[PDB]
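Here's the structure, in structure tokens; my notes come after.
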Amino acid sequence: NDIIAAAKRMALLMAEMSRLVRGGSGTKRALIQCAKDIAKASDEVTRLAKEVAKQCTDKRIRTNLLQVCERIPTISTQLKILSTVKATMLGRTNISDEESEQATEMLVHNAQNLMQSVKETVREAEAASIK
Amino acid sequence: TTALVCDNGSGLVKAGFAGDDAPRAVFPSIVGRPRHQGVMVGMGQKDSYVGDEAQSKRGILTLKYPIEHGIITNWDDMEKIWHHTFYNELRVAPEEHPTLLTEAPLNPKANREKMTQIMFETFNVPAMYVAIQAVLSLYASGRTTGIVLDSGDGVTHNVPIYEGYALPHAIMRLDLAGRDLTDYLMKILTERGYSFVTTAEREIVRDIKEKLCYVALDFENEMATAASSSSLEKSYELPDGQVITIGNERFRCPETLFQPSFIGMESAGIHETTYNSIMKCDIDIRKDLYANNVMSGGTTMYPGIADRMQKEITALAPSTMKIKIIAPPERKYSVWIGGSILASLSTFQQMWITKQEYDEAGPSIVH
Amino acid sequence: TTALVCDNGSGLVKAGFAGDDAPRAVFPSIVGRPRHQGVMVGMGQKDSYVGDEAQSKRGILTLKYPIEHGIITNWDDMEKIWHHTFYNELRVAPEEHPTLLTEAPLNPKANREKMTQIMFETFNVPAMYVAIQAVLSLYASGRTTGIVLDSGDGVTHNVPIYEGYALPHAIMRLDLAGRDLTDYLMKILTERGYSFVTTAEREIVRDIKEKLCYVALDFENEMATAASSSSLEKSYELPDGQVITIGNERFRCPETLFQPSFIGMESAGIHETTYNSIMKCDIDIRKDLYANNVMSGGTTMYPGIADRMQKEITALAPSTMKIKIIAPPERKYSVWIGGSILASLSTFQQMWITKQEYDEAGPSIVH
Ligand SMILES: Nc1ncnc2c1ncn2[C@@H]1O[C@H](COP(=O)(O)OP(=O)(O)O)[C@@H](O)[C@H]1O
Ligand SMILES: Nc1ncnc2c1ncn2[C@@H]1O[C@H](COP(=O)(O)OP(=O)(O)O)[C@@H](O)[C@H]1O
Ligand SMILES: [Mg+2]
Ligand SMILES: [Mg+2]
């Protein structure tokens, strides 16, 4: 089941992202690449969720699956943008530690919202696989 | 293999396969559509949110229970409860298991028919049985004699049963409890400035109906001792940081089950409907209905019962007639632990309604 | 090729194509006619100078901000703003690509219609959409919930959004900041013996609002330490070399946004207007408007906030309530970094006002 495979891949990347955000200035390039890799996996979940929805035999489950998966593009796009912002704050000539910490908290929060939407997408995908 | 015990709760629908221990899924059944407009874009939101998530995301919806006075308001929302629950919670297809559904003891026709009929054509179930929630609470309480109390928001009942037959000439249905007790609690916390005038916000009141409220042992002396300086008032904390202090009303609200004068409804109290149903049965049987008074439902988990209920019956009852009140642990799941015993039993597998027999026979099989 | 995000700033109009870094063209909206007689005899100069040239030639012009009280003076100067940005800065025609335009959260009708209508007939864009500046700042903030503060010279706003619905009854419009902070700064800079009452020269005052002003942690105690013999004065330099020494007034001017009594106007401060929007929303949501407080606009980039804002709110807020008010760097471009995410996404490619619908149905259902 390639949605479950993508979701487990995303979880392993999110475990690596968790390790990277606890580091110092040395995790800068790794953190940007991790976010890029997570966004690539989220696009695969969205593509597969639409395909599973097409193959499903009930309008209601299909509608719910389309509703939840359509937020994944906007949140994954915000993760890519917020990663560019955080990149320009790391190593900046004058920047506050409190502002850096709040940017990290926002980035983790956005990742948590993306993961929660994918978690709900998995629940509806499991339900869609019945019919 | 194993059948499914699915209880069509008053509250508080319960679902789990047959046995062994406690229900796998319990949920409040509420649907709420979003009254406000979306600006995040997509829309990316569900058309109506079911529970649990409609109790984790309140105040942006208008919560509507699908069951109103023990009858389904529309099967359009009900079928959606069922579909959501079976598919994205339990993760089961209704065609895999013969099922067990529940109803109320005294309820309007064609509520059990329309249910059975729609559920067979929509979900394509292979076999079904429909049991009343009260009868199942006997098996859960390990007995076959006694008057059974299935008390939920918003229909309570008082059904007398004697080893091992039902007495039809003494059956009582009260619509007095429990959502009207919720609505009354909301009116007397509004009386101390704690405003909860909207449908969704009423749910928080229902949670405060669980924990803070209790049954007084003696009303008149608790009213006296409430006027005394030492506190019976408790300070609650609210999601926006607010502190709510309730005290006098705290023991008044559950007492309503004995005293319907608080509501302003004429319907007789549980005290008197218990007594008046026993004293409508034949003389010899009355002997064994006493001391087999069996409670059930989540609404009987209050402190101060059963020895208020006991003392009130013992005060009206004849001389040296002993009353014991049968209280199971964790009464909210009593009905479900009942259902598990029924659908698992042999030889009663052939007293189910199976799809092939049902096609020729029609809904005349149900009743 | 790609769509174009042009943000109708209060200040400070901002323009740049869809993504990926920072705006291409920014200027402080000023148009200025030449107020002195010519002796160059061609004459060979612009009829009225726009920015940057109207910020390069102060003292020979009369600067006129074309947007005041959040509404534009005339579309005769506004079209000239647009024409200059698209043609002699960006080097583009809107005929090639759909645009994205912005407006204010609360303004008079039919000024968004008239804008949309004039821009379709003059510049002949094939599709358009008009977004409020606050909603776009959600995308930029990385959040799906929170109260959005878009504060520019001269209209600030307070819009609450909850996952991800708008809360209509709680939206607050303050005309309190920022051109009135500029005007107040000019009256207490008059206290240090320099003349700034003239229209062009008012821009120099605005620049001293950017760099020099700072927000005190507590007014009464910063006033205490001002009385000390240890200096609190900072030396500013004026364009022809003059030295202005401001100290006390430096923290007096921003304090105005907490205390409107300094202006002598009657509207309530950011302090109470923050609270009053939360306390007109339903109980369950009130928890999560807290800690998702997002500031925006260039006028909020003082380092004395957010821990002033924190200390003021934390004093009025209930006990043990989550408070996180720290805002993103570079708030002046927040809206634009928002706009880029929106107009690039599907499904909302199909939520633009198309030319075919504009011709057939006019500016129906714009807001
Ligand atoms: N500790 C408690 N004290 C009082 N009421 C309770 C308690 N726990 C649960 N309840 C009530 O139990 C109700 C649910 O009753 P339930 O047993 O589900 O009815 P039913 O048997 O008919 O399905 C809820 O509405 C709730 O108010
Ligand atoms: N460092 C700063 N401190 C305070 N004010 C600033 C600073 N930098 C810019 N500003 C102010 O920001 C204003 C522009 O706000 P802006 O964000 O453009 O409003 P808007 O979002 O509504 O277009 C200017 O008028 C300027 O005075
Ligand atoms: Mg019940
Ligand atoms: Mg703005």
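Chain labels A, B, ... are given in the sequence in which chains occur in the structure tokens; within each chain residues are numbered consecutively from 1, and ligands are likewise numbered from 1 in the order shown.
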Report the closest atom pair, with its distance in Å rounded to one decimal, for each residue of chain C that has an atom no farther than 9 Å from chain B; count only C-alpha atoms, sort by chain and then rising residue number, and write it as CSV.
residue,atom,partner,partner_atom,distance
C:135,CA,B:39,CA,7.2
C:138,CA,B:40,CA,8.4
C:139,CA,B:40,CA,8.5
C:144,CA,B:40,CA,7.3
C:161,CA,B:39,CA,8.2
C:162,CA,B:60,CA,8.3
C:163,CA,B:40,CA,7.9
C:164,CA,B:40,CA,5.1
C:165,CA,B:38,CA,4.1
C:166,CA,B:37,CA,6.0
C:167,CA,B:36,CA,6.9
C:168,CA,B:36,CA,7.8
C:281,CA,B:59,CA,8.2
C:282,CA,B:59,CA,5.3
C:283,CA,B:240,CA,6.3
C:284,CA,B:58,CA,5.8
C:285,CA,B:59,CA,6.3
C:286,CA,B:240,CA,5.6
C:287,CA,B:240,CA,5.3
C:317,CA,B:241,CA,8.4
C:318,CA,B:241,CA,5.3
C:319,CA,B:241,CA,6.5
C:320,CA,B:241,CA,7.7
C:321,CA,B:241,CA,6.9
C:342,CA,B:41,CA,8.8
C:346,CA,B:42,CA,8.6
C:347,CA,B:42,CA,6.6
C:348,CA,B:42,CA,7.4
Would you output that residue set with N, CA and C atoms, as a PDB file, in the first residue's frame?
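Writing the result to out_14.pdb gives the following:
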ATOM      1  N   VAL C 135      -5.622  38.344   5.715  1.00  0.00           N
ATOM      2  CA  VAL C 135      -5.703  36.936   5.326  1.00  0.00           C
ATOM      3  C   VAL C 135      -4.416  36.404   4.713  1.00  0.00           C
ATOM      4  N   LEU C 138      -1.575  35.202   7.099  1.00  0.00           N
ATOM      5  CA  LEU C 138      -1.703  33.888   7.716  1.00  0.00           C
ATOM      6  C   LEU C 138      -0.772  32.893   7.062  1.00  0.00           C
ATOM      7  N   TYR C 139      -0.745  32.908   5.711  1.00  0.00           N
ATOM      8  CA  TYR C 139       0.082  32.033   4.910  1.00  0.00           C
ATOM      9  C   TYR C 139       1.558  32.267   5.169  1.00  0.00           C
ATOM     10  N   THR C 144      -2.637  28.597  10.846  1.00  0.00           N
ATOM     11  CA  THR C 144      -3.982  28.411  10.306  1.00  0.00           C
ATOM     12  C   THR C 144      -5.018  29.033  11.239  1.00  0.00           C
ATOM     13  N   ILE C 161      -9.021  34.838  13.019  1.00  0.00           N
ATOM     14  CA  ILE C 161      -9.297  33.664  12.201  1.00  0.00           C
ATOM     15  C   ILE C 161      -9.038  32.421  13.043  1.00  0.00           C
ATOM     16  N   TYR C 162      -9.975  31.451  13.031  1.00  0.00           N
ATOM     17  CA  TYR C 162      -9.836  30.191  13.737  1.00  0.00           C
ATOM     18  C   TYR C 162      -9.994  29.002  12.794  1.00  0.00           C
ATOM     19  N   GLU C 163      -8.904  28.223  12.605  1.00  0.00           N
ATOM     20  CA  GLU C 163      -8.767  26.996  11.822  1.00  0.00           C
ATOM     21  C   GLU C 163      -9.848  26.592  10.806  1.00  0.00           C
ATOM     22  N   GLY C 164      -9.998  27.249   9.639  1.00  0.00           N
ATOM     23  CA  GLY C 164      -9.364  28.469   9.153  1.00  0.00           C
ATOM     24  C   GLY C 164     -10.475  29.382   8.706  1.00  0.00           C
ATOM     25  N   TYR C 165     -11.497  29.478   9.567  1.00  0.00           N
ATOM     26  CA  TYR C 165     -12.707  30.241   9.386  1.00  0.00           C
ATOM     27  C   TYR C 165     -12.573  31.628   9.977  1.00  0.00           C
ATOM     28  N   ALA C 166     -13.297  32.604   9.407  1.00  0.00           N
ATOM     29  CA  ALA C 166     -13.276  33.963   9.894  1.00  0.00           C
ATOM     30  C   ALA C 166     -14.340  34.127  10.968  1.00  0.00           C
ATOM     31  N   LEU C 167     -14.076  34.957  11.994  1.00  0.00           N
ATOM     32  CA  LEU C 167     -15.020  35.209  13.065  1.00  0.00           C
ATOM     33  C   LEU C 167     -15.599  36.612  12.851  1.00  0.00           C
ATOM     34  N   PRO C 168     -16.644  36.789  12.021  1.00  0.00           N
ATOM     35  CA  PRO C 168     -17.089  38.101  11.547  1.00  0.00           C
ATOM     36  C   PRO C 168     -17.411  39.127  12.605  1.00  0.00           C
ATOM     37  N   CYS C 281     -15.901  36.209  20.994  1.00  0.00           N
ATOM     38  CA  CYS C 281     -15.932  34.874  20.409  1.00  0.00           C
ATOM     39  C   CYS C 281     -16.365  33.802  21.400  1.00  0.00           C
ATOM     40  N   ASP C 282     -16.958  32.690  20.911  1.00  0.00           N
ATOM     41  CA  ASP C 282     -17.437  31.544  21.676  1.00  0.00           C
ATOM     42  C   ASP C 282     -16.376  30.856  22.557  1.00  0.00           C
ATOM     43  N   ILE C 283     -16.771  30.308  23.742  1.00  0.00           N
ATOM     44  CA  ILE C 283     -15.863  29.847  24.812  1.00  0.00           C
ATOM     45  C   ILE C 283     -14.735  28.922  24.376  1.00  0.00           C
ATOM     46  N   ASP C 284     -15.039  27.858  23.598  1.00  0.00           N
ATOM     47  CA  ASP C 284     -14.072  26.854  23.186  1.00  0.00           C
ATOM     48  C   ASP C 284     -12.955  27.451  22.329  1.00  0.00           C
ATOM     49  N   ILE C 285     -13.272  28.465  21.497  1.00  0.00           N
ATOM     50  CA  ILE C 285     -12.278  29.060  20.625  1.00  0.00           C
ATOM     51  C   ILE C 285     -11.359  30.039  21.359  1.00  0.00           C
ATOM     52  N   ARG C 286     -11.813  30.644  22.490  1.00  0.00           N
ATOM     53  CA  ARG C 286     -11.073  31.722  23.144  1.00  0.00           C
ATOM     54  C   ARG C 286      -9.640  31.399  23.563  1.00  0.00           C
ATOM     55  N   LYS C 287      -9.396  30.141  23.983  1.00  0.00           N
ATOM     56  CA  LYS C 287      -8.096  29.553  24.257  1.00  0.00           C
ATOM     57  C   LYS C 287      -7.038  29.644  23.167  1.00  0.00           C
ATOM     58  N   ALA C 317      -4.944  39.260  30.979  1.00  0.00           N
ATOM     59  CA  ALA C 317      -5.300  37.883  30.708  1.00  0.00           C
ATOM     60  C   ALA C 317      -5.469  37.007  31.966  1.00  0.00           C
ATOM     61  N   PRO C 318      -6.363  36.012  31.996  1.00  0.00           N
ATOM     62  CA  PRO C 318      -6.474  35.018  33.072  1.00  0.00           C
ATOM     63  C   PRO C 318      -5.208  34.259  33.451  1.00  0.00           C
ATOM     64  N   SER C 319      -5.186  33.640  34.653  1.00  0.00           N
ATOM     65  CA  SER C 319      -4.043  32.881  35.148  1.00  0.00           C
ATOM     66  C   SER C 319      -3.718  31.631  34.339  1.00  0.00           C
ATOM     67  N   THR C 320      -2.413  31.402  34.076  1.00  0.00           N
ATOM     68  CA  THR C 320      -1.875  30.220  33.392  1.00  0.00           C
ATOM     69  C   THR C 320      -2.463  30.035  31.994  1.00  0.00           C
ATOM     70  N   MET C 321      -2.450  31.125  31.203  1.00  0.00           N
ATOM     71  CA  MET C 321      -2.961  31.179  29.852  1.00  0.00           C
ATOM     72  C   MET C 321      -1.796  31.284  28.892  1.00  0.00           C
ATOM     73  N   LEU C 342      -0.695  32.127  -2.344  1.00  0.00           N
ATOM     74  CA  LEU C 342      -2.099  32.050  -2.709  1.00  0.00           C
ATOM     75  C   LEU C 342      -2.304  31.920  -4.210  1.00  0.00           C
ATOM     76  N   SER C 346      -3.277  25.846  -6.974  1.00  0.00           N
ATOM     77  CA  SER C 346      -4.579  25.303  -7.327  1.00  0.00           C
ATOM     78  C   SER C 346      -5.218  24.743  -6.058  1.00  0.00           C
ATOM     79  N   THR C 347      -6.554  24.686  -5.907  1.00  0.00           N
ATOM     80  CA  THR C 347      -7.631  24.964  -6.848  1.00  0.00           C
ATOM     81  C   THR C 347      -7.837  26.432  -7.161  1.00  0.00           C
ATOM     82  N   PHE C 348      -7.346  27.362  -6.308  1.00  0.00           N
ATOM     83  CA  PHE C 348      -7.662  28.777  -6.444  1.00  0.00           C
ATOM     84  C   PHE C 348      -7.191  29.506  -7.717  1.00  0.00           C
TER      85      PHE C 348
END
Region 1-16 of chain A: which residues within 10 Å, counting only C-alpha atoms, same-chain residues fewer than 6 positions away excluded, as a PDB file with N, CA, C and O atoms, in the first residue's frame?
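Final output, saved to part13.pdb:
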ATOM      1  N   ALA A  30      21.196  20.785   6.242  1.00  0.00           N
ATOM      2  CA  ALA A  30      20.454  19.569   6.497  1.00  0.00           C
ATOM      3  C   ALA A  30      18.974  19.808   6.774  1.00  0.00           C
ATOM      4  O   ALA A  30      18.114  19.121   6.225  1.00  0.00           O
ATOM      5  N   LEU A  31      18.638  20.835   7.582  1.00  0.00           N
ATOM      6  CA  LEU A  31      17.277  21.246   7.877  1.00  0.00           C
ATOM      7  C   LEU A  31      16.489  21.681   6.644  1.00  0.00           C
ATOM      8  O   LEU A  31      15.336  21.294   6.459  1.00  0.00           O
ATOM      9  N   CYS A  34      15.963  18.456   4.520  1.00  0.00           N
ATOM     10  CA  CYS A  34      14.950  17.649   5.178  1.00  0.00           C
ATOM     11  C   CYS A  34      13.534  18.115   4.872  1.00  0.00           C
ATOM     12  O   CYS A  34      12.668  17.324   4.506  1.00  0.00           O
ATOM     13  N   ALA A  35      13.291  19.439   4.939  1.00  0.00           N
ATOM     14  CA  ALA A  35      12.021  20.048   4.598  1.00  0.00           C
ATOM     15  C   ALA A  35      11.634  19.842   3.134  1.00  0.00           C
ATOM     16  O   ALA A  35      10.490  19.518   2.812  1.00  0.00           O
ATOM     17  N   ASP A  37      12.721  17.233   1.236  1.00  0.00           N
ATOM     18  CA  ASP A  37      12.416  15.814   1.168  1.00  0.00           C
ATOM     19  C   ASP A  37      11.035  15.443   1.715  1.00  0.00           C
ATOM     20  O   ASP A  37      10.310  14.637   1.125  1.00  0.00           O
ATOM     21  N   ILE A  38      10.614  16.071   2.833  1.00  0.00           N
ATOM     22  CA  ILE A  38       9.288  15.920   3.424  1.00  0.00           C
ATOM     23  C   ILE A  38       8.209  16.421   2.474  1.00  0.00           C
ATOM     24  O   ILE A  38       7.183  15.771   2.257  1.00  0.00           O
ATOM     25  N   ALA A  39       8.444  17.575   1.815  1.00  0.00           N
ATOM     26  CA  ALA A  39       7.524  18.131   0.846  1.00  0.00           C
ATOM     27  C   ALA A  39       7.339  17.250  -0.393  1.00  0.00           C
ATOM     28  O   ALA A  39       6.221  17.101  -0.891  1.00  0.00           O
ATOM     29  N   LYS A  40       8.411  16.573  -0.860  1.00  0.00           N
ATOM     30  CA  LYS A  40       8.367  15.629  -1.969  1.00  0.00           C
ATOM     31  C   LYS A  40       7.513  14.407  -1.654  1.00  0.00           C
ATOM     32  O   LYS A  40       6.684  13.976  -2.460  1.00  0.00           O
ATOM     33  N   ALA A  41       7.633  13.876  -0.419  1.00  0.00           N
ATOM     34  CA  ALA A  41       6.835  12.767   0.066  1.00  0.00           C
ATOM     35  C   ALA A  41       5.359  13.133   0.223  1.00  0.00           C
ATOM     36  O   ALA A  41       4.466  12.358  -0.112  1.00  0.00           O
ATOM     37  N   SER A  42       5.055  14.362   0.688  1.00  0.00           N
ATOM     38  CA  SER A  42       3.682  14.848   0.821  1.00  0.00           C
ATOM     39  C   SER A  42       2.931  14.998  -0.507  1.00  0.00           C
ATOM     40  O   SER A  42       1.745  14.675  -0.625  1.00  0.00           O
ATOM     41  N   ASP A  43       3.644  15.397  -1.583  1.00  0.00           N
ATOM     42  CA  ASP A  43       3.123  15.461  -2.936  1.00  0.00           C
ATOM     43  C   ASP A  43       2.799  14.059  -3.478  1.00  0.00           C
ATOM     44  O   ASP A  43       1.805  13.858  -4.179  1.00  0.00           O
ATOM     45  N   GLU A  44       3.596  13.037  -3.105  1.00  0.00           N
ATOM     46  CA  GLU A  44       3.334  11.651  -3.457  1.00  0.00           C
ATOM     47  C   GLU A  44       2.092  11.112  -2.758  1.00  0.00           C
ATOM     48  O   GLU A  44       1.243  10.485  -3.384  1.00  0.00           O
ATOM     49  N   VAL A  45       1.888  11.443  -1.463  1.00  0.00           N
ATOM     50  CA  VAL A  45       0.672  11.106  -0.723  1.00  0.00           C
ATOM     51  C   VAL A  45      -0.562  11.727  -1.362  1.00  0.00           C
ATOM     52  O   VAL A  45      -1.589  11.074  -1.524  1.00  0.00           O
ATOM     53  N   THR A  46      -0.481  13.002  -1.793  1.00  0.00           N
ATOM     54  CA  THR A  46      -1.597  13.697  -2.441  1.00  0.00           C
ATOM     55  C   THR A  46      -1.992  13.088  -3.781  1.00  0.00           C
ATOM     56  O   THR A  46      -3.168  12.826  -4.045  1.00  0.00           O
ATOM     57  N   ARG A  47      -0.997  12.763  -4.640  1.00  0.00           N
ATOM     58  CA  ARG A  47      -1.202  12.115  -5.929  1.00  0.00           C
ATOM     59  C   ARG A  47      -1.838  10.741  -5.812  1.00  0.00           C
ATOM     60  O   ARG A  47      -2.780  10.398  -6.529  1.00  0.00           O
ATOM     61  N   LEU A  48      -1.361   9.931  -4.851  1.00  0.00           N
ATOM     62  CA  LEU A  48      -1.883   8.609  -4.588  1.00  0.00           C
ATOM     63  C   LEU A  48      -3.268   8.655  -3.974  1.00  0.00           C
ATOM     64  O   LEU A  48      -4.134   7.867  -4.341  1.00  0.00           O
ATOM     65  N   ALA A  49      -3.551   9.601  -3.056  1.00  0.00           N
ATOM     66  CA  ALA A  49      -4.866   9.750  -2.461  1.00  0.00           C
ATOM     67  C   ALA A  49      -5.959  10.100  -3.466  1.00  0.00           C
ATOM     68  O   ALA A  49      -7.063   9.560  -3.410  1.00  0.00           O
ATOM     69  N   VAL A  52      -6.540   6.624  -5.461  1.00  0.00           N
ATOM     70  CA  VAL A  52      -7.324   5.735  -4.612  1.00  0.00           C
ATOM     71  C   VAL A  52      -8.777   6.185  -4.527  1.00  0.00           C
ATOM     72  O   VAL A  52      -9.704   5.374  -4.564  1.00  0.00           O
ATOM     73  N   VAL A 108       8.210  23.641  13.071  1.00  0.00           N
ATOM     74  CA  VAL A 108       7.764  22.409  13.711  1.00  0.00           C
ATOM     75  C   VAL A 108       6.245  22.313  13.755  1.00  0.00           C
ATOM     76  O   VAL A 108       5.667  21.303  13.372  1.00  0.00           O
ATOM     77  N   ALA A 111       4.925  21.600  10.242  1.00  0.00           N
ATOM     78  CA  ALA A 111       5.196  20.189  10.037  1.00  0.00           C
ATOM     79  C   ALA A 111       4.206  19.279  10.768  1.00  0.00           C
ATOM     80  O   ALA A 111       3.692  18.322  10.197  1.00  0.00           O
ATOM     81  N   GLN A 112       3.842  19.606  12.028  1.00  0.00           N
ATOM     82  CA  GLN A 112       2.826  18.922  12.814  1.00  0.00           C
ATOM     83  C   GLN A 112       1.447  19.011  12.159  1.00  0.00           C
ATOM     84  O   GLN A 112       0.739  18.014  12.066  1.00  0.00           O
ATOM     85  N   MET A 115       1.582  16.723   9.049  1.00  0.00           N
ATOM     86  CA  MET A 115       1.538  15.363   9.544  1.00  0.00           C
ATOM     87  C   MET A 115       0.148  14.962  10.019  1.00  0.00           C
ATOM     88  O   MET A 115      -0.326  13.873   9.720  1.00  0.00           O
ATOM     89  N   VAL A 118      -2.027  14.511   6.923  1.00  0.00           N
ATOM     90  CA  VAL A 118      -1.639  13.231   6.344  1.00  0.00           C
ATOM     91  C   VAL A 118      -2.176  12.064   7.176  1.00  0.00           C
ATOM     92  O   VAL A 118      -2.690  11.099   6.621  1.00  0.00           O
ATOM     93  N   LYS A 119      -2.165  12.148   8.523  1.00  0.00           N
ATOM     94  CA  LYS A 119      -2.748  11.165   9.428  1.00  0.00           C
ATOM     95  C   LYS A 119      -4.237  10.956   9.173  1.00  0.00           C
ATOM     96  O   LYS A 119      -4.708   9.825   9.059  1.00  0.00           O
ATOM     97  N   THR A 121      -5.729  11.746   6.278  1.00  0.00           N
ATOM     98  CA  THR A 121      -5.744  11.257   4.896  1.00  0.00           C
ATOM     99  C   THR A 121      -5.569   9.754   4.860  1.00  0.00           C
ATOM    100  O   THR A 121      -6.277   9.050   4.146  1.00  0.00           O
ATOM    101  N   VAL A 122      -4.676   9.213   5.714  1.00  0.00           N
ATOM    102  CA  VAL A 122      -4.483   7.790   5.951  1.00  0.00           C
ATOM    103  C   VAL A 122      -5.749   7.134   6.491  1.00  0.00           C
ATOM    104  O   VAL A 122      -6.177   6.109   5.968  1.00  0.00           O
ATOM    105  N   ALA A 125      -8.191   7.003   3.634  1.00  0.00           N
ATOM    106  CA  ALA A 125      -7.662   6.074   2.639  1.00  0.00           C
ATOM    107  C   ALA A 125      -7.903   4.602   3.000  1.00  0.00           C
ATOM    108  O   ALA A 125      -8.290   3.778   2.168  1.00  0.00           O
ATOM    109  N   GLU A 126      -7.781   4.268   4.301  1.00  0.00           N
ATOM    110  CA  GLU A 126      -8.064   2.967   4.887  1.00  0.00           C
ATOM    111  C   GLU A 126      -9.538   2.638   4.723  1.00  0.00           C
ATOM    112  O   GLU A 126      -9.910   1.550   4.284  1.00  0.00           O
TER     113      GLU A 126
END
Practice task
Collect all residues with atoms no farther than 10 Å from ligand 2, counting only C-alpha atoms and all ligand atoms, and output them as a PyMOL selection string.
Solution key: chain C and resi 7-14+26-29+70+102-104+133-134+137+149-157+177-179+181-182+203+205-214+254+296-303+330-336
Quiz prompt | Within 8 Å of chain A: residues of chain C, using only C-alpha atoms, as a PyMOL selection string | solution = chain C and resi 20-21+139-143+326-329+341+345
Let's have the selection written as a tab-separated table (two decimals), in the first residue's frame, with C-alpha atoms.
chain	number	residue	atom	x	y	z
C	20	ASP	CA	10.26	33.35	-4.44
C	21	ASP	CA	12.18	35.81	-2.20
C	139	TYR	CA	0.08	32.03	4.91
C	140	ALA	CA	3.27	34.03	5.59
C	141	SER	CA	3.02	33.28	9.35
C	142	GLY	CA	2.81	29.48	8.78
C	143	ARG	CA	-0.33	29.36	10.96
C	326	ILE	CA	6.81	36.96	19.11
C	327	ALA	CA	6.37	37.92	15.43
C	328	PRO	CA	8.31	37.12	12.18
C	329	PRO	CA	11.19	39.34	10.92
C	341	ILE	CA	1.57	31.29	-1.89
C	345	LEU	CA	-1.83	27.40	-5.79
Record the distance separating CA of residue 292 (chain B) and CA of residue 159 (chain B), expressed in Å with one decimal.
->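 So the two atoms, CA of residue 292 (chain B) and CA of residue 159 (chain B), lie 12.1 Å apart.
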Check: Looking at only C-alpha atoms, which of A:123, A:29, A:22, A:62 is the one that sits closest to residue 105 (chain A)?
Finding: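 Between A:123, A:29, A:22, A:62, the residue approaching residue 105 (chain A) most closely is A:22.
Here CA of residue 68 (chain C) is placed at a distance of 22.6 Å from CA of residue 86 (chain C).
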List as an MDAnalysis selection string the protein and nucleic acid residues near residue 186 (chain B), meaning an atom at most 8 Å away when only C-alpha atoms are counted, but skip any in the same chain fewer than 2 places from it. chainID B and resid 182:184 188:190 196:197 202 205
Written selection (N, CA and C atoms) as a compact mmCIF listing (two decimals), in the first residue's frame:
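So selection-v7.txt came out as:
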# COMPACT_ATOMS: atom_id res chain seq x y z
N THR B 182 -29.99 18.54 31.97
CA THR B 182 -28.93 19.35 31.34
C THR B 182 -29.40 20.77 31.07
N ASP B 183 -30.56 20.94 30.40
CA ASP B 183 -31.16 22.23 30.10
C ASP B 183 -31.51 23.03 31.36
N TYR B 184 -31.98 22.36 32.44
CA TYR B 184 -32.25 22.97 33.73
C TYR B 184 -30.98 23.42 34.44
N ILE B 188 -29.90 27.27 35.63
CA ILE B 188 -29.54 27.72 36.96
C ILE B 188 -28.06 27.96 37.15
N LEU B 189 -27.18 27.69 36.14
CA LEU B 189 -25.87 28.32 36.18
C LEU B 189 -25.90 29.67 35.49
N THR B 190 -26.85 29.90 34.55
CA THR B 190 -27.10 31.23 34.00
C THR B 190 -27.62 32.19 35.05
N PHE B 196 -24.44 30.41 29.16
CA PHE B 196 -24.24 29.24 28.31
C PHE B 196 -25.51 29.09 27.48
N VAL B 197 -25.87 30.11 26.69
CA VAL B 197 -27.19 30.22 26.06
C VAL B 197 -27.27 29.59 24.69
N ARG B 202 -23.60 24.53 25.60
CA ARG B 202 -24.35 23.65 26.48
C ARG B 202 -23.63 22.34 26.81
N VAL B 205 -21.57 22.46 30.02
CA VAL B 205 -22.52 22.29 31.11
C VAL B 205 -22.80 20.83 31.41
message: Applying 12 Å and only C-alpha atoms, which residues near residue 54 (chain A) remain after dropping the ones on its own chain fewer than 3 positions away? List them as a VMD selection string.
response: chain A and resid 47 to 51 57 to 59 61 to 63 65 to 66 125 128 to 129 131
Check: Quick one: distance from CA of residue 128 (chain C) to CA of residue 112 (chain C) in Å, one decimal?
Finding: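 Interatomic distance here is 12.1 Å.
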Practice problem: Using DSSP on the backbone coordinates, identify all residues within region 161-315 of chain B classified as strand (DSSP E); present the result as a count of residues only. | Solution: 18
